[PDB]
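Asker: As input, take target-v5.cif (mmCIF, N, CA and C atoms):
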data_coords
loop_
_atom_site.label_atom_id
_atom_site.label_comp_id
_atom_site.auth_asym_id
_atom_site.auth_seq_id
_atom_site.Cartn_x
_atom_site.Cartn_y
_atom_site.Cartn_z
N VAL A 1 62.54 -118.54 -60.22
CA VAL A 1 63.39 -117.72 -59.36
C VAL A 1 63.87 -116.51 -60.15
N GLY A 2 64.23 -115.46 -59.42
CA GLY A 2 64.71 -114.24 -60.04
C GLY A 2 64.32 -112.99 -59.28
N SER A 3 63.86 -111.97 -60.01
CA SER A 3 63.44 -110.70 -59.42
C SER A 3 61.93 -110.52 -59.52
N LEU A 4 61.18 -111.61 -59.36
CA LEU A 4 59.73 -111.54 -59.44
C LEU A 4 59.16 -110.89 -58.18
N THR A 5 58.15 -110.05 -58.37
CA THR A 5 57.53 -109.32 -57.28
C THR A 5 56.28 -110.05 -56.79
N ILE A 6 56.00 -109.90 -55.50
CA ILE A 6 54.87 -110.55 -54.85
C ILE A 6 53.78 -109.51 -54.63
N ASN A 7 52.70 -109.61 -55.38
CA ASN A 7 51.53 -108.76 -55.22
C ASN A 7 50.31 -109.64 -54.92
N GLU A 8 49.13 -109.01 -54.90
CA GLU A 8 47.92 -109.73 -54.53
C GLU A 8 47.53 -110.76 -55.59
N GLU A 9 47.53 -110.36 -56.86
CA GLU A 9 47.08 -111.26 -57.92
C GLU A 9 48.03 -112.44 -58.09
N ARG A 10 49.33 -112.17 -58.14
CA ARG A 10 50.30 -113.25 -58.33
C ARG A 10 50.31 -114.21 -57.15
N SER A 11 50.18 -113.69 -55.93
CA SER A 11 50.12 -114.56 -54.76
C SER A 11 48.81 -115.35 -54.73
N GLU A 12 47.73 -114.79 -55.25
CA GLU A 12 46.46 -115.51 -55.29
C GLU A 12 46.48 -116.61 -56.35
N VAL A 13 47.19 -116.39 -57.45
CA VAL A 13 47.24 -117.38 -58.52
C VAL A 13 48.45 -118.32 -58.42
N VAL A 14 49.54 -117.88 -57.79
CA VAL A 14 50.75 -118.68 -57.67
C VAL A 14 51.25 -118.59 -56.23
N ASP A 15 51.58 -119.73 -55.64
CA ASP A 15 52.11 -119.75 -54.28
C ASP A 15 53.54 -119.22 -54.26
N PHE A 16 53.82 -118.35 -53.29
CA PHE A 16 55.14 -117.74 -53.14
C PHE A 16 55.76 -118.14 -51.81
N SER A 17 57.09 -118.15 -51.79
CA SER A 17 57.83 -118.45 -50.58
C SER A 17 58.01 -117.19 -49.74
N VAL A 18 58.82 -117.30 -48.69
CA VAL A 18 59.08 -116.14 -47.83
C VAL A 18 60.00 -115.17 -48.55
N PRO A 19 59.84 -113.86 -48.36
CA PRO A 19 60.72 -112.90 -49.03
C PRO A 19 62.14 -112.99 -48.52
N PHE A 20 63.09 -112.65 -49.39
CA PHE A 20 64.50 -112.66 -49.05
C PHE A 20 65.19 -111.32 -49.26
N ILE A 21 64.47 -110.30 -49.72
CA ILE A 21 65.05 -108.98 -49.95
C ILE A 21 63.92 -107.96 -49.94
N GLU A 22 64.24 -106.73 -49.56
CA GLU A 22 63.25 -105.66 -49.49
C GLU A 22 63.12 -104.97 -50.84
N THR A 23 61.88 -104.68 -51.22
CA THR A 23 61.59 -104.03 -52.49
C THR A 23 60.45 -103.04 -52.27
N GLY A 24 60.33 -102.09 -53.19
CA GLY A 24 59.30 -101.08 -53.09
C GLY A 24 59.40 -100.08 -54.22
N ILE A 25 58.49 -99.12 -54.19
CA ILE A 25 58.43 -98.07 -55.20
C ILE A 25 59.17 -96.85 -54.67
N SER A 26 60.05 -96.29 -55.51
CA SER A 26 60.82 -95.11 -55.13
C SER A 26 61.10 -94.29 -56.38
N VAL A 27 60.82 -92.99 -56.30
CA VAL A 27 61.05 -92.08 -57.42
C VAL A 27 62.52 -91.68 -57.44
N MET A 28 63.09 -91.60 -58.64
CA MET A 28 64.48 -91.21 -58.83
C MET A 28 64.53 -89.90 -59.61
N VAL A 29 65.20 -88.90 -59.03
CA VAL A 29 65.30 -87.58 -59.63
C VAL A 29 66.77 -87.19 -59.73
N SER A 30 67.04 -86.21 -60.58
CA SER A 30 68.40 -85.73 -60.77
C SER A 30 68.79 -84.77 -59.66
N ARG A 31 70.10 -84.56 -59.49
CA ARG A 31 70.59 -83.65 -58.47
C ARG A 31 70.16 -82.22 -58.76
N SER A 32 69.67 -81.55 -57.72
CA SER A 32 69.23 -80.16 -57.81
C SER A 32 70.19 -79.31 -56.98
N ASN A 33 70.72 -78.25 -57.59
CA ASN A 33 71.65 -77.38 -56.90
C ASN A 33 70.95 -76.62 -55.78
N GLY A 34 71.51 -76.70 -54.58
CA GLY A 34 70.93 -76.02 -53.44
C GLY A 34 71.38 -74.58 -53.31
N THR A 35 70.77 -73.88 -52.36
CA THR A 35 71.07 -72.48 -52.10
C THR A 35 71.51 -72.32 -50.65
N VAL A 36 72.34 -71.32 -50.40
CA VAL A 36 72.84 -71.04 -49.06
C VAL A 36 71.77 -70.31 -48.26
N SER A 37 71.76 -70.55 -46.96
CA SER A 37 70.78 -69.92 -46.08
C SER A 37 71.14 -68.45 -45.88
N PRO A 38 70.18 -67.53 -45.98
CA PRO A 38 70.49 -66.12 -45.74
C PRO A 38 70.88 -65.87 -44.29
N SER A 39 71.45 -64.68 -44.05
CA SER A 39 71.90 -64.26 -42.73
C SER A 39 72.88 -65.27 -42.12
N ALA A 40 73.89 -65.68 -42.89
CA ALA A 40 74.85 -66.66 -42.41
C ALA A 40 75.80 -66.08 -41.37
N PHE A 41 75.87 -64.75 -41.25
CA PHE A 41 76.77 -64.15 -40.27
C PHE A 41 76.28 -64.33 -38.84
N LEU A 42 75.00 -64.67 -38.65
CA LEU A 42 74.45 -64.96 -37.33
C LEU A 42 74.48 -66.45 -37.00
N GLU A 43 75.17 -67.26 -37.81
CA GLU A 43 75.17 -68.70 -37.57
C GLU A 43 76.01 -69.09 -36.36
N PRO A 44 77.31 -68.66 -36.22
CA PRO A 44 78.13 -69.09 -35.08
C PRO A 44 77.81 -68.35 -33.78
N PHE A 45 76.52 -68.18 -33.50
CA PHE A 45 76.04 -67.51 -32.30
C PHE A 45 74.54 -67.74 -32.20
N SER A 46 73.92 -67.14 -31.18
CA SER A 46 72.49 -67.21 -30.98
C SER A 46 71.95 -65.81 -30.71
N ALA A 47 70.67 -65.61 -31.04
CA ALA A 47 70.05 -64.30 -30.85
C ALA A 47 70.01 -63.91 -29.38
N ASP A 48 69.84 -64.88 -28.48
CA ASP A 48 69.88 -64.59 -27.05
C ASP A 48 71.25 -64.05 -26.65
N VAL A 49 72.31 -64.59 -27.26
CA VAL A 49 73.65 -64.09 -26.97
C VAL A 49 73.79 -62.65 -27.44
N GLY B 1 56.34 -119.07 -22.65
CA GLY B 1 56.02 -117.70 -22.97
C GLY B 1 54.75 -117.58 -23.81
N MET B 2 54.76 -116.59 -24.71
CA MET B 2 53.59 -116.37 -25.56
C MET B 2 53.38 -117.52 -26.54
N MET B 3 54.45 -117.98 -27.18
CA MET B 3 54.33 -119.11 -28.10
C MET B 3 53.97 -120.39 -27.35
N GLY B 4 54.50 -120.56 -26.14
CA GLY B 4 54.13 -121.71 -25.33
C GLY B 4 52.67 -121.70 -24.94
N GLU B 5 52.14 -120.52 -24.62
CA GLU B 5 50.71 -120.41 -24.32
C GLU B 5 49.86 -120.63 -25.56
N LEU B 6 50.35 -120.19 -26.73
CA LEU B 6 49.62 -120.44 -27.97
C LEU B 6 49.56 -121.93 -28.29
N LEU B 7 50.68 -122.63 -28.14
CA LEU B 7 50.71 -124.06 -28.45
C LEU B 7 49.92 -124.88 -27.44
N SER B 8 49.76 -124.37 -26.22
CA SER B 8 49.02 -125.08 -25.18
C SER B 8 47.51 -124.95 -25.33
N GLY B 9 47.03 -124.25 -26.35
CA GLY B 9 45.61 -124.10 -26.57
C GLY B 9 44.95 -122.96 -25.82
N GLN B 10 45.73 -122.03 -25.27
CA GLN B 10 45.14 -120.91 -24.54
C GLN B 10 44.47 -119.93 -25.49
N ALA B 11 45.16 -119.54 -26.55
CA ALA B 11 44.65 -118.59 -27.53
C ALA B 11 44.71 -119.20 -28.93
N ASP B 12 44.25 -118.43 -29.91
CA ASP B 12 44.23 -118.86 -31.30
C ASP B 12 45.08 -118.00 -32.22
N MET B 13 45.16 -116.70 -31.97
CA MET B 13 45.94 -115.78 -32.79
C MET B 13 46.87 -114.97 -31.91
N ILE B 14 47.92 -114.43 -32.53
CA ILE B 14 48.91 -113.60 -31.85
C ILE B 14 49.10 -112.32 -32.64
N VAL B 15 48.88 -111.19 -31.99
CA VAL B 15 49.10 -109.87 -32.58
C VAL B 15 50.17 -109.20 -31.73
N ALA B 16 51.43 -109.35 -32.13
CA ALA B 16 52.56 -108.83 -31.37
C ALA B 16 53.75 -108.74 -32.30
N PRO B 17 54.73 -107.87 -31.99
CA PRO B 17 55.92 -107.76 -32.85
C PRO B 17 56.80 -108.99 -32.78
N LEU B 18 56.31 -110.12 -33.30
CA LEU B 18 57.06 -111.36 -33.31
C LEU B 18 57.81 -111.50 -34.62
N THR B 19 59.11 -111.79 -34.53
CA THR B 19 59.95 -111.91 -35.71
C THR B 19 59.71 -113.27 -36.37
N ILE B 20 60.45 -113.55 -37.44
CA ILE B 20 60.32 -114.79 -38.20
C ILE B 20 61.69 -115.45 -38.30
N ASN B 21 61.77 -116.71 -37.90
CA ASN B 21 63.00 -117.48 -38.00
C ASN B 21 62.64 -118.94 -38.24
N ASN B 22 63.67 -119.79 -38.34
CA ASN B 22 63.46 -121.18 -38.71
C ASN B 22 62.85 -121.98 -37.55
N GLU B 23 63.40 -121.82 -36.35
CA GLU B 23 62.99 -122.65 -35.22
C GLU B 23 61.51 -122.45 -34.89
N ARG B 24 61.05 -121.20 -34.90
CA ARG B 24 59.65 -120.93 -34.56
C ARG B 24 58.71 -121.27 -35.71
N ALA B 25 59.17 -121.12 -36.96
CA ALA B 25 58.32 -121.45 -38.10
C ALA B 25 58.24 -122.95 -38.35
N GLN B 26 59.14 -123.74 -37.77
CA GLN B 26 59.05 -125.19 -37.93
C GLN B 26 57.80 -125.76 -37.27
N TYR B 27 57.23 -125.05 -36.30
CA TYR B 27 56.06 -125.54 -35.58
C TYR B 27 54.77 -124.83 -35.98
N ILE B 28 54.83 -123.53 -36.28
CA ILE B 28 53.65 -122.75 -36.64
C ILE B 28 53.91 -122.02 -37.94
N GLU B 29 52.82 -121.61 -38.59
CA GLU B 29 52.89 -120.93 -39.87
C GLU B 29 52.85 -119.42 -39.67
N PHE B 30 53.69 -118.71 -40.42
CA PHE B 30 53.75 -117.25 -40.38
C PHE B 30 53.26 -116.69 -41.71
N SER B 31 52.40 -115.68 -41.64
CA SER B 31 51.87 -115.04 -42.84
C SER B 31 52.89 -114.05 -43.39
N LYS B 32 52.48 -113.25 -44.36
CA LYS B 32 53.39 -112.28 -44.95
C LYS B 32 53.64 -111.13 -43.98
N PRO B 33 54.88 -110.68 -43.84
CA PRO B 33 55.17 -109.59 -42.90
C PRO B 33 54.53 -108.28 -43.33
N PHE B 34 54.14 -107.49 -42.34
CA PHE B 34 53.53 -106.19 -42.57
C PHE B 34 54.51 -105.04 -42.37
N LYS B 35 55.73 -105.32 -41.92
CA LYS B 35 56.73 -104.29 -41.70
C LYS B 35 58.11 -104.94 -41.65
N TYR B 36 59.07 -104.34 -42.35
CA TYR B 36 60.43 -104.85 -42.41
C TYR B 36 61.34 -104.03 -41.50
N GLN B 37 62.29 -104.72 -40.88
CA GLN B 37 63.24 -104.08 -39.98
C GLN B 37 64.46 -104.98 -39.85
N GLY B 38 65.38 -104.59 -38.97
CA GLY B 38 66.59 -105.36 -38.75
C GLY B 38 67.13 -105.21 -37.34
N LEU B 39 68.39 -105.60 -37.14
CA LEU B 39 69.04 -105.52 -35.84
C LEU B 39 70.20 -104.54 -35.90
N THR B 40 70.32 -103.71 -34.86
CA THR B 40 71.39 -102.73 -34.75
C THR B 40 71.80 -102.61 -33.29
N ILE B 41 72.74 -101.71 -33.02
CA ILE B 41 73.28 -101.49 -31.69
C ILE B 41 72.97 -100.06 -31.27
N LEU B 42 72.47 -99.89 -30.05
CA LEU B 42 72.15 -98.58 -29.50
C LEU B 42 73.13 -98.25 -28.39
N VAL B 43 73.75 -97.07 -28.47
CA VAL B 43 74.70 -96.59 -27.49
C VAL B 43 74.28 -95.18 -27.05
N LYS B 44 75.04 -94.63 -26.11
CA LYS B 44 74.77 -93.29 -25.60
C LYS B 44 75.57 -92.25 -26.38
N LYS B 45 75.07 -91.02 -26.36
CA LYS B 45 75.75 -89.93 -27.05
C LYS B 45 77.08 -89.62 -26.37
N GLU B 46 78.12 -89.47 -27.18
CA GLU B 46 79.46 -89.21 -26.64
C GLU B 46 79.53 -87.83 -25.99
N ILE B 47 79.27 -86.79 -26.77
CA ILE B 47 79.29 -85.40 -26.31
C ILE B 47 80.66 -85.08 -25.72
N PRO B 48 81.71 -84.95 -26.53
CA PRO B 48 83.04 -84.68 -25.99
C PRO B 48 83.09 -83.34 -25.27
N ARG B 49 83.74 -83.34 -24.10
CA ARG B 49 83.90 -82.14 -23.28
C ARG B 49 85.33 -81.63 -23.33
N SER B 50 85.97 -81.75 -24.49
CA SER B 50 87.35 -81.29 -24.63
C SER B 50 87.45 -79.77 -24.51
#
I need this file expressed as structure tokens, please.
Answerer:
Amino acid sequence: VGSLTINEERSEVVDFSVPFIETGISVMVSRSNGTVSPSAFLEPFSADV
Amino acid sequence: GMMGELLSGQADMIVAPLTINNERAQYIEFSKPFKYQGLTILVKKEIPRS
């Protein structure tokens, strides 16, 4: 028991029970400073207006 | 229903969004899930007209 992952080889060589938590691959990156959208003076309105 | 028709010998396999729980797995075997999900509540958009 523990944090063992269920893949094809391990499941073929060792019997596994039903999963109890979701797992997957996810990339982790640092915070990137964003930029403001240009032409912000036209935001509280519409071009049709 | 569908599980009752399966147990009665009508069909052999089931390809449908069937969940996994204890009561249904006590009688039939379930393979590894192909998609994970959960339960939530769906309501209508408020859209305040103040």
Asker: Residues of chain B near chain A: apply a cut-off of 9 Å, count only C-alpha atoms, and supply the list as a PDB file with N, CA and C atoms, keeping the file's coordinate frame.
Answerer:
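Written file, selection.pdb:
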ATOM      1  N   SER B  31      52.400-115.680 -41.640  1.00  0.00           N
ATOM      2  CA  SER B  31      51.870-115.040 -42.840  1.00  0.00           C
ATOM      3  C   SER B  31      52.890-114.050 -43.390  1.00  0.00           C
ATOM      4  N   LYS B  32      52.480-113.250 -44.360  1.00  0.00           N
ATOM      5  CA  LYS B  32      53.390-112.280 -44.950  1.00  0.00           C
ATOM      6  C   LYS B  32      53.640-111.130 -43.980  1.00  0.00           C
ATOM      7  N   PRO B  33      54.880-110.680 -43.840  1.00  0.00           N
ATOM      8  CA  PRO B  33      55.170-109.590 -42.900  1.00  0.00           C
ATOM      9  C   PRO B  33      54.530-108.280 -43.330  1.00  0.00           C
ATOM     10  N   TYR B  36      59.070-104.340 -42.350  1.00  0.00           N
ATOM     11  CA  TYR B  36      60.430-104.850 -42.410  1.00  0.00           C
ATOM     12  C   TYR B  36      61.340-104.030 -41.500  1.00  0.00           C
TER      13      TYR B  36
END
Asker: Just give me the gap between CA of residue 18 in chain B and atom N of residue 35 in chain B in Å, one decimal is fine.
Answerer: 10.6 Å
Asker: Could you find all residues in chain A that DSSP calls helix (DSSP H, G or I) from the backbone, and write them as a ChimeraX atom specification?
Answerer: /A:8-13,40-42
Asker: Hey, can you spit out that residue selection with N, CA and C atoms as an mmCIF file, keeping the file's coordinate frame?
Answerer:
data_model
loop_
_atom_site.group_PDB
_atom_site.id
_atom_site.type_symbol
_atom_site.label_atom_id
_atom_site.label_comp_id
_atom_site.auth_asym_id
_atom_site.auth_seq_id
_atom_site.Cartn_x
_atom_site.Cartn_y
_atom_site.Cartn_z
ATOM 1 N N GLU A 8 49.130 -109.010 -54.900
ATOM 2 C CA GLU A 8 47.920 -109.730 -54.530
ATOM 3 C C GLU A 8 47.530 -110.760 -55.590
ATOM 4 N N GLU A 9 47.530 -110.360 -56.860
ATOM 5 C CA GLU A 9 47.080 -111.260 -57.920
ATOM 6 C C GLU A 9 48.030 -112.440 -58.090
ATOM 7 N N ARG A 10 49.330 -112.170 -58.140
ATOM 8 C CA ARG A 10 50.300 -113.250 -58.330
ATOM 9 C C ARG A 10 50.310 -114.210 -57.150
ATOM 10 N N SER A 11 50.180 -113.690 -55.930
ATOM 11 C CA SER A 11 50.120 -114.560 -54.760
ATOM 12 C C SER A 11 48.810 -115.350 -54.730
ATOM 13 N N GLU A 12 47.730 -114.790 -55.250
ATOM 14 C CA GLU A 12 46.460 -115.510 -55.290
ATOM 15 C C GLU A 12 46.480 -116.610 -56.350
ATOM 16 N N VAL A 13 47.190 -116.390 -57.450
ATOM 17 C CA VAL A 13 47.240 -117.380 -58.520
ATOM 18 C C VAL A 13 48.450 -118.320 -58.420
ATOM 19 N N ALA A 40 73.890 -65.680 -42.890
ATOM 20 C CA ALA A 40 74.850 -66.660 -42.410
ATOM 21 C C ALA A 40 75.800 -66.080 -41.370
ATOM 22 N N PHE A 41 75.870 -64.750 -41.250
ATOM 23 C CA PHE A 41 76.770 -64.150 -40.270
ATOM 24 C C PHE A 41 76.280 -64.330 -38.840
ATOM 25 N N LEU A 42 75.000 -64.670 -38.650
ATOM 26 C CA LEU A 42 74.450 -64.960 -37.330
ATOM 27 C C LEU A 42 74.480 -66.450 -37.000
#
Asker: Just how far from CA of residue 19 in chain B is atom N of residue 11 in chain A, in Å to one decimal?
Answerer: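 Spanning atom N of residue 11 in chain A to CA of residue 19 in chain B is a straight-line distance of 22.5 Å.
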Asker: Expand the PyMOL selection byres (((chain B and resi 3-12 and name CA) around 9) and name CA) into the explicit residue set it covers here, and present it as a PDB file with N, CA and C atoms, in the coordinates of the input.
Answerer:
ATOM      1  N   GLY B   1      56.340-119.070 -22.650  1.00  0.00           N
ATOM      2  CA  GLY B   1      56.020-117.700 -22.970  1.00  0.00           C
ATOM      3  C   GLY B   1      54.750-117.580 -23.810  1.00  0.00           C
ATOM      4  N   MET B   2      54.760-116.590 -24.710  1.00  0.00           N
ATOM      5  CA  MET B   2      53.590-116.370 -25.560  1.00  0.00           C
ATOM      6  C   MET B   2      53.380-117.520 -26.540  1.00  0.00           C
ATOM      7  N   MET B  13      45.160-116.700 -31.970  1.00  0.00           N
ATOM      8  CA  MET B  13      45.940-115.780 -32.790  1.00  0.00           C
ATOM      9  C   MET B  13      46.870-114.970 -31.910  1.00  0.00           C
ATOM     10  N   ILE B  14      47.920-114.430 -32.530  1.00  0.00           N
ATOM     11  CA  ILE B  14      48.910-113.600 -31.850  1.00  0.00           C
ATOM     12  C   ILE B  14      49.100-112.320 -32.640  1.00  0.00           C
ATOM     13  N   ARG B  24      61.050-121.200 -34.900  1.00  0.00           N
ATOM     14  CA  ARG B  24      59.650-120.930 -34.560  1.00  0.00           C
ATOM     15  C   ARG B  24      58.710-121.270 -35.710  1.00  0.00           C
ATOM     16  N   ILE B  28      54.830-123.530 -36.280  1.00  0.00           N
ATOM     17  CA  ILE B  28      53.650-122.750 -36.640  1.00  0.00           C
ATOM     18  C   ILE B  28      53.910-122.020 -37.940  1.00  0.00           C
TER      19      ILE B  28
END
Asker: Work out how far CA of residue 2 in chain A is from CA of residue 14 in chain A, in Å to one decimal.
Answerer: 14.8 Å
